[PDB]
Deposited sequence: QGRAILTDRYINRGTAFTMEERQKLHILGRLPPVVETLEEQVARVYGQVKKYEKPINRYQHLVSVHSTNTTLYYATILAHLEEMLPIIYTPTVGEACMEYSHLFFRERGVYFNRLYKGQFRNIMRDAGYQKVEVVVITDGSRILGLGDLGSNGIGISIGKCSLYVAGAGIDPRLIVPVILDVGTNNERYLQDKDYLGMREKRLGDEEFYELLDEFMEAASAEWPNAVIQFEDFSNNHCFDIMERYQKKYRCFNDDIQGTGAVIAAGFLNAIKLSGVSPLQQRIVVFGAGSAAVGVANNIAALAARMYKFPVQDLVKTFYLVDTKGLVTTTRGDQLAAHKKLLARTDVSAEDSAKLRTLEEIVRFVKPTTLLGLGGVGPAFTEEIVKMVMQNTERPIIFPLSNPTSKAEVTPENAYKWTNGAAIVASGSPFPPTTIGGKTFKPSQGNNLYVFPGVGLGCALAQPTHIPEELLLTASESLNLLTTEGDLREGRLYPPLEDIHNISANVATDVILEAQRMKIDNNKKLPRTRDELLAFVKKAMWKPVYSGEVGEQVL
């Protein structure tokens, strides 16, 4: 009842006198370790596996035995563990090794349970739930169906590690509305709904029931949508954003993190926000959302007219530079960033990225294209003609889909390029000077939004709370971090980052009078201190 409770079990960290007092003497080998020592031991155990999937499999077993030791190990090696415990290992574990998620507490919904969603939640037996991560396995970018539960599980664990959401107060959810994965539909071992994905009407009937049931049974929870397909993810936020406490990390988290890093890149370049000429390579709804979040943040931090900031952006879709004179009927999201200042004759000659870069003379390249390595040596050399400090953000993943490697960006600019990446890269050394890209990891924002929304209990999560989290992250990058060319505070300091982000999100909910928790301080120093004490810490407490 001590050893077998993964929440209170300490394993070898039980002193000899504790083992005696708890009648577990002789249930453990005789060595007594501190948590630090146990973490070093577990880290060496992880590294005796070569494959990410087998390292994850080891970490699952640690979590099942000693939950405190699992979270202490992740926090001590966060940069290295992140790719094992979430993207991209988690999706490979869901797709081929879904059994690794079987022992993790989760909630499974489908049409068979229509009208029982509320009863199912009550029966799950949680106390004051703070965070719920829901997916349908459809994927923001391999349809996983029911096996998407592993995405919710991995994401919930990042709230616990990143912001000290208590691990008892977070719920991973799969809404199984079927799967278009043909292998799964024929697989004898697929345990989900063995049918193609429901149409929109039935999809919203079940997701409406989910939202309404959760708001009744888990009224203190933030509902975070994860890894929903583009046919639904934007429409879900339009349907629920005002009615329920909810956000989508893929859309809103991404834009908040990228905007924060990008404004710090502007500060380092010397080329001020109204002097930037920004090629946005990629014109999907998400890419335009990131551009708009950049504009919104620059407007908040600097009070430039947002219209003037919109005119710094040159949007490139699969046809070429998006302009009002190009001759096609533009998708709604592309109209706002369409150039009005380019002639029909010029638009016809602005198709290839190299000729667009030659014409626009950009100072920034934002890679949101999800195509090849489009930022060629020739394109980077042209940007060097327009600024002493090119900003180059190859943000498409996987690393193969990325517009340019940080190493190539630094080599071709002889260390001038200011780079943020979607993925971790090793440092690059040029002439004895070391350069390393700043990783725009989503972990910078969602945990702090979760912890802030958990504490403040806002009626909903308006765009003002995401913009505040974005600004808070930008302002955590110290003069020193900036002097060393970092665009973000260090990932390893995620607890301090989360507490600061949460504090600023709470102060914004307080300014809008949407906060329902009147116990919280209303001044930043006292609130920050209160938020730090509220966080769950992977240390042996009792």
property	result
Deposited-sequence stretches lacking C-alpha coordinates, listed in sequence order	1-3, 145-146, 548-554
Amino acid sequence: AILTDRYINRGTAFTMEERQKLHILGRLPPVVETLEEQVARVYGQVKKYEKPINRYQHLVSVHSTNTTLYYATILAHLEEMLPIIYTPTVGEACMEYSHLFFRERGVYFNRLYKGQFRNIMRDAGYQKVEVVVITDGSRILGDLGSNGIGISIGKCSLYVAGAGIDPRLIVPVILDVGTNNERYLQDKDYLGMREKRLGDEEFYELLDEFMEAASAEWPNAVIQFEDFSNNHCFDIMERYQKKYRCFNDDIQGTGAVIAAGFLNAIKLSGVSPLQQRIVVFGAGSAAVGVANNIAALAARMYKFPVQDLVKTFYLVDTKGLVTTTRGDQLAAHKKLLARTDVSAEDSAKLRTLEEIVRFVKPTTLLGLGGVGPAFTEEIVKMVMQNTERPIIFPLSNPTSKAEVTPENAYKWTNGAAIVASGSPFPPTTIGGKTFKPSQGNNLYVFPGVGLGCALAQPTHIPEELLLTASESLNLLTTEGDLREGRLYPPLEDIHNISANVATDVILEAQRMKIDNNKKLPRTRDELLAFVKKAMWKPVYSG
From here on, numbers count along this sequence of modelled residues.
property: Between the two ranges 291-299 and 116-124, the one averaging a larger CA B factor in the entry; result: 116-124
property: 346-354 versus 438-446 - which carries the larger mean C-alpha B factor in the record; result: 346-354
property: Out of 99, 326, 183, 188, residue topping the C-alpha B-factor column of the entry; result: 326
property: Selection from 336, 93, 107, 465 [criterion: highest C-alpha temperature factor in the record]; result: 336
property: Record-listed C-alpha B factor of residue 22: chain third; result: highest
property: Record-listed C-alpha B factor of residue 56: chain third; result: middle
property: Residue 263 - Cα temperature factor, lowest/middle/highest third of chain; result: lowest
property: Position of residue 274 among the chain's modelled residues by C-alpha B-factor, lowest, middle or highest third; result: middle
property: Chain-relative CA temperature factor third for residue 492; result: middle
